[PDB]
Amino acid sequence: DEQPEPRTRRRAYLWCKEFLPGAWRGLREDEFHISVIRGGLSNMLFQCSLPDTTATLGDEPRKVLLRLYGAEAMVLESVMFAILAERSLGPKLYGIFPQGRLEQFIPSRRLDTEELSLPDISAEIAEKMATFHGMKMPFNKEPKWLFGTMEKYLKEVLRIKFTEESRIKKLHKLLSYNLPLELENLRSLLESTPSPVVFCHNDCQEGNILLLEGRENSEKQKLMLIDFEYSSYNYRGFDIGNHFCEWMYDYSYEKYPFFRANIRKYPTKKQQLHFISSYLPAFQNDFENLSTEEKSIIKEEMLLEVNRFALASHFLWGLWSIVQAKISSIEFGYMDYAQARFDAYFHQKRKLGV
C-alpha cells in the first residue's frame, strides 16, 4: 500500500483527470487514490482509483494502472498495445502520453514458475501463443530480429571491461568458449532448421502470464499473456523453445543471485508433446483431421525444431545478461545468470548430439 513521492502523485492525478472520462474529470487532488504496484528505476507501476464513495457517471473504469517508463520502439510498442487492446487480447488502453500510459487494471496475479508445468496451464499457454502467432501485425516481416540482436549483444560483450575481480573472472570463463565461433555454429545449425516466421511474444515467461481472478475454475480460459514490448516477427521455434527454457528459472529467489536454475525442470518429451498437441490444432485449425502418421511426423519435427531454437534462447539471454551486468544497476546476479544460460546451452547441445 506504498505511496509514491508527492510530485508523482500530482502528475498521476493530472493524467487520470484529463485522460479518463466520467467521475475522473471532476476529481479533486485530495480525493485521488494511488499506490505503487512496482517501483524500480524504470517501467514503474501504480494503481489509481476513485474513492469508494464516488459513483461512476457512465462506463468509465473505477480503477486503472498507470505505467511510467522512466526513459522508434516507442511508436512500435504503443501501436502494438493499442491493436491488442482493440482485439481484446490485452488490457484496454485509456491514455497515452510521453511519460507513459494508463491501462485497464486486470484483477489477477502472475503465475509462479512451478505452475507452468500444470497441464491445463500449459495447454492454454500453447493455445494463446498459437493464436497470436496467427495474427497480422503492421511490422517488418523479415526474421532478422534473432540474429541481429545476438550480433548486437556479442559486439557489446567483446568491448566490455569490468573492474571488480569476481566479475572479470566470470567474464573470462564465458569469453573462453569463443562466443563468435559459437554464434556462427549456432547460425549454421538454425539455417538448416525450418521454422515459420510468425509474430512472436519473445518473452513468454510466468511473470508475463496473468491468472485471471474469478476464472480459476475455467479449465481452458483463465489466462492472459502480457508485456509484449519485445515482440517482433521471428521464428516460431524461438517463442516456444524460449518458453520451455523458462521452466528452468525461478526469479522469486530472495538471496543472491536472486534466481534458482534447475536443469531438471526443463519439460519432458511428454510435457513438450502435450504443449505442442495443444498448439498445433489452434494454429492449423483442421490439424486433427490428418492421418496419425502425418500428425506424428509434424510433431516429431516440431520437437526437434523448438529444441534447437531453445539453444538460441540460452545464447541470446546469456549475452544479454553479460551486457546487463555492465549497464544495469538492478540487484540481480547477472553474471551468474549468464553462466547458468551457457551451462544449459552446452548441456542442451550434448543432449541433441550437436
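Residue indices: 1-based, along the sequence shown. Here the rigid core means the biggest group of C-alpha atoms that line up within 1.5 Å when the two forms are laid on top of each other.
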{"property": "RMS Cα shift after core superposition in 8 other deposited structures of this protein, winner of 314-322 and 284-292", "result": "284-292"}
{"property": "Higher-deviation stretch (C-alpha RMS, rigid core fit) in 8 other deposited structures of this protein, choosing from 269-277 and 159-167", "result": "159-167"}
{"property": "Chain break class for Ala71 to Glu72, judged by how many deposited residues have no coordinates", "result": "10 or more"}
{"property": "Average Cα temperature factor in the PDB entry - higher stretch of 286-294, 24-32", "result": "286-294"}
{"property": "Which of 72-80 and 148-156 has higher mean CA B factor, as the PDB entry lists it", "result": "72-80"}
{"property": "Given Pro138, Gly241, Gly214, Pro194, the residue at which the Cα B factor reaches its maximum", "result": "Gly214"}
{"property": "Top Cα B factor in the deposited entry, candidates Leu303, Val323, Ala312, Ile37", "result": "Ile37"}
{"property": "For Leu181, the third of its chain into which the C-alpha B factor falls", "result": "middle"}
{"property": "CA B-factor ranking of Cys245, expressed as a third of its chain", "result": "lowest"}
{"property": "Third of the chain's Cα B-factor distribution that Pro98 belongs to, per the entry", "result": "middle"}
{"property": "B-factor third for the C-alpha atom of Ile327 within its chain", "result": "middle"}
{"property": "Assigned third (lowest, middle, highest) for the C-alpha B factor of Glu229", "result": "middle"}
